[PDB]
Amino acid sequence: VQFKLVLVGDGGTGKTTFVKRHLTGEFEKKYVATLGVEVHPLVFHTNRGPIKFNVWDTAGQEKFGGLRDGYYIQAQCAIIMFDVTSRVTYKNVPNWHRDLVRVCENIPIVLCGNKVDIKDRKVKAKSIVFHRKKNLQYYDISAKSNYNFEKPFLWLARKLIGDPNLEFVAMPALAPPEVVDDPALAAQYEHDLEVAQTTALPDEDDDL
């Protein structure tokens, strides 16, 4: 059971960051522009079994756009992403939406204002009304703080499975290998463990 998801929006809005946070748990701080599209399998566990999204993470920068609306063909759902610290990225939400619905009439779509963790917010909550008439779900999100980071996938899962009571649930946990190699007998230990100790953990001023 797998569904095509296209993720669209202006460059720098946090699409690839949002996806990477869901794939690996990581917070990517650098801006490495997506070239055309990158496809990533993402599975969630639900009270109605596993749901899989083939996530088509697309380029927001015109000069890196690649196949553009060519990526939307046969999409079963979508996320439009803008940046609450950048008014131009919200002003472009209608253009992304147009390009998307001309290829994907009648699919479920989430509008996401990313970077709500940032103090000096430019696109205020009261400005954000574009989703009403176009029947999009809207969420304030942060890939950095993880605020509402699960909601886009939870809402879409609910609409694609047609069950509004669908919850994420605790993925099963098999008993891990009890026989393991002593890592201290593997030579590169001293080289790997010194590098790791003397590289500082990021964000030592966070609460965790």
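A residue's number is simply how far along the shown sequence it sits, counting from 1.
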Stretch with higher mean Cα temperature factor, 174-182 vs 153-161, is 174-182
Looking at the entry, does 139-147 or 165-173 show the higher mean C-alpha B-factor? 165-173
Entry-reported Cα temperature factor of residue 125, expressed as the chain third it lands in: highest
Would you mind ranking residue 199 by its C-alpha B-factor against the rest of the chain and naming the third, lowest, middle or highest? highest
Among modelled residues of the same chain, the CA temperature factor third for residue 188: highest
So, residue 131's CA B-factor, relative to its chain, sits in which third? The lowest
Could you tell me which third, lowest, middle or highest, the C-alpha B-factor of residue 87 occupies within its chain? middle
